[PDB]
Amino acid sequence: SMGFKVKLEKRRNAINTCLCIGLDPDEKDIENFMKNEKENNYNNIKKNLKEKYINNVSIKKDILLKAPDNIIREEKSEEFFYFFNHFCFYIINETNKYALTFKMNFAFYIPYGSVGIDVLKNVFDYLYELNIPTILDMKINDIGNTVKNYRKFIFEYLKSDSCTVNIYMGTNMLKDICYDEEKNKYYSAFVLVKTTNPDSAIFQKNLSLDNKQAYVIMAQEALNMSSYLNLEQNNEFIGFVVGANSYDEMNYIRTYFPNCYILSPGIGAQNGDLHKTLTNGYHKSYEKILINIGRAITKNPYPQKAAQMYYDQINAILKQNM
């Protein structure tokens, strides 16, 4: 209805942050949650069961509402599903008051087969009920006919607000990701521009055209396609993934595309510098500089307090910049 641009602006006004909470639970995370709950009389699962919107998830809700001691003896084949989903609900419940957006990386939800995709659907359902803007980090790329399937999965099935896209194959893929001609629907995406892996320079900086590094060429082509699609008129956008640890490029991108939406992962687990990243990418509409924090919250044993201190530190830095 409102469109992602508007969702972001309105939630920014309500919670006054640009923290994007990453929800990438790994097998160890799920196993640790199960073990801790088991040894703590399921105190967090019990809290989960008291939240109202658990009642609105799509898949196997009745299983999720069962008492953990009954799951383990009467629905044991659903034990992994139940604890994985409950870990996600627990992180969301503990941290959502500090989050402008949640980003879920698809890779974490696929490796067990179908079960994690049901979890992923329920996570999207839950965030939707909470009116929290969402990003599916799936780095999708293919030819037009094929990518329409991702459009359906991400924007119709999950009802995500946005996704990440790798446009190395070409930009025209965005016509079949960010736009549905038959339905007249428009969607938002962040394209990979400068990534956090240690060898990201190999293609992103070392290749060039004219006198511009590849990452600039790619940012500019993504913006040309946004214009072509008239996304911003429809309250949607194509934005950029720029690594936290990539200060020069962040500085360059914010200077040269002054009003672009940036998503910046790499603080916490990957050691990026929060002050420098937020200052180089700063915009007064700070929804345009999403600071993603995943593992530094999810692998923190006190995730509410972890999210709070990122929120508070972001706030202090936002204030310094103005």
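Throughout, we count residues from 1 along the sequence that is shown. Between two forms, the rigid core is the largest collection of C-alphas that superpose within 1.5 Å.
Between stretches 219-227 and 191-199, greater average Cα displacement in 7 other deposited structures of this protein relative to the shown form, fitted by the core, falls on 191-199. When the C-alpha B-factors of 246-254 and 171-179 are averaged, 246-254 comes out higher. The stretch with the higher mean CA B factor, choosing between 205-213 and 89-97, is 205-213. Highest CA B-factor among the listed residues (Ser114, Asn141, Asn235, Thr196): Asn235.
Ranked by C-alpha B-factor against the other modelled residues of its chain, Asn292 falls in the lowest third. Annotation for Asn56: CA B-factor lies in the highest third of the chain's modelled residues. Among the modelled residues of its chain, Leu23 has a C-alpha B-factor that falls in the lowest third according to the deposited record.
Ranked by Cα temperature factor within the chain, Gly281 sits in the middle third according to the deposited record. Remark: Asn122 belongs to the lowest third of its chain, ranked by C-alpha B-factor as recorded.
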